[PDB]
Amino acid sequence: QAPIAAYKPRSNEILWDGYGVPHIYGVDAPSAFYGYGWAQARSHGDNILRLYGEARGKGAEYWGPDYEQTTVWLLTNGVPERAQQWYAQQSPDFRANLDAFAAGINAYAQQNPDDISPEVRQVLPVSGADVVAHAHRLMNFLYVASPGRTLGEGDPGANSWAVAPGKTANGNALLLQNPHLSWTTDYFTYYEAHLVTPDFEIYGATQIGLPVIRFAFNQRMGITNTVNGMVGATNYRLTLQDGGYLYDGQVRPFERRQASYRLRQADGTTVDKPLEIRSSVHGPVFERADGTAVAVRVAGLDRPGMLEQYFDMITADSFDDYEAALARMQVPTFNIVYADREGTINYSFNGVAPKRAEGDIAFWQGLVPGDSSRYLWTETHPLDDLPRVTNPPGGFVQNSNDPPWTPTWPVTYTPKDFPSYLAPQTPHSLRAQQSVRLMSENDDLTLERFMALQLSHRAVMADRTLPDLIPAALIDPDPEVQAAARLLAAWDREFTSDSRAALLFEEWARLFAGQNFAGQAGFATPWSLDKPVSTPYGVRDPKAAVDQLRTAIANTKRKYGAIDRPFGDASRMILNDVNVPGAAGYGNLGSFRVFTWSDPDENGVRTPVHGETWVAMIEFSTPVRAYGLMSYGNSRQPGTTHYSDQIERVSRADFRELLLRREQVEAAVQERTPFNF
């Protein structure tokens, strides 16, 4: 009936387990935030300090030319100054938590100066405003309005499942947390932690430097997030004329402010660099390589409560409380999925979306005319205007970065129900089609079965194409093409370690469906929302596709040494001196569990660039039962034993039991940090 009795910490302490996960106990909220800051500094201090330095707009000053582009970007968009504003605009209670978090980082560094890399020592001390600034950059100027997409590190994404009681064997909701981000990008690094005070408990993962857990659960509830690409910014093409810009048939002068920054020189000194910031009514103005003047208008710059919103969301006493916090509209993007012990599940297409009178998403993603107030939006949508699903007939919600049109099955709304600028109406990826299949087709789910389904690694692309490709390839006069066809034909279409056909198939699909495997032109039957998990299908031009196979055979041998090298011989997961066989692969090929394999080296060996990072599955029984892994461990500091210590388990899908109960934590403790606050 009621959840298990909450633990009431009588002292401030961190209990670290055998994988470097901190269990932070505080007698009050600031105490726990302090412990969390301390813990993050221990595990990720160097990169956190670096990022905080950048978010100050001082990257160029501290570290020179390599950081100057980011400095200019952040200064032009007024990030460091707005962060100071947002910090002052915090509620007193929450500001005290932010101060405590920063104080924890400072205290860790003070007590352990040998653990802080020389280059980032100059960043200390950090402040609550620093914490706010990094979160502001991450959300508004990386996830919403980025200065340009980074290449070769996968596409930010995730899977998410929530399953209602009626669909389970035991009658308890199930939740999957499963974000896909780069394994190397510092600000994308996830960190696992556990916070306990007399008033709340939170367990889960969050990006380093964030003082609140975004992928959180406890004894009552849990959430997860996926990328929805909410269009929270507009790029306006300006018409430059007579020193100003043409707007409503009139020349308007720019707003101008003379900023400047320091740039570190090779000799350790700094040079003062002037920076002229020009702004139109739309926002700050950028000049592009081709000479186009672009004003960037970012929505939700007046929303200082994003950290507190997540905090109130994840500590919510009820779904009603959760929804009230979510409805604040302080979190500018993301699909957010919710489940609780009471049995409620929810999907929300969340973010800060401008209200617009015309134009579809494609129009608002391109360069919008900057010469007219016709296109100058000023208001944003409330939560009630956005796609949301609660306790649907199908008994599950899902999102694998597909447009929000099949979040459950049967669907509860259609694209026509919402303005055309909220989300694309493009073909759902094969991973996303698998996501819907795996949930909808299975009943009476156990946590064990739920976890088994998460490991799915089907080459769905092969299901859609091999029936047509194989017989066409068999009639080719080239005996090697014939042999390749028989190899592909015998394959069980799974991305397993022992698969001898999978690498060849990938190489073919690179041509058939483009380098990202998202191309649609080669299918015989196009994608349809009427058949959302069984289209597109077939090979439109078999003769052409066999020529692609011919080329793919050459490419496979060049990259890997043969057409039949075992998938898990080429695909390895390597961290420090741990080297284990890979399985699963590209989401766009249909693999639900994702490893975006790198290009191979000269030996044909490739490793994940992106994919499974933090993976957790929770059953909201009483007490809750949860399992998880972090691909790249819980620390990235030099000399840590907690970087490469989980990847072998990942290779066998051998998940850790996540320990929330005090007695479990006490049994597992390997290190103790008593602290004073």
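Residue positions are given as counts along the sequence shown, with the first one as 1.
Stretches compared: 453-461, 292-300. Higher mean C-alpha B-factor in the entry: 292-300. Look at the C-alpha B-factors of 258-266 and of 508-516. On average they run higher in 258-266. You'll see in the entry that, of 192, 547, 130, 312, the Cα B factor peaks at 547. Out of 169, 212, 337, 583, the entry records its largest CA B-factor for 169.
Per the PDB record, residue ranking by Cα B-factor puts residue 69 in the highest third of the chain. In the deposited entry, the Cα temperature factor of residue 320 places it in the highest third of its chain's modelled residues. When the CA B factors of the chain's modelled residues are split into thirds, the value for residue 104 lands in the lowest one. In the deposited entry, the Cα temperature factor of residue 347 sits in the bottom third of values across the chain's modelled residues.
In this PDB entry, residue 199 carries a Cα temperature factor that places it within the highest third of its chain's modelled residues.
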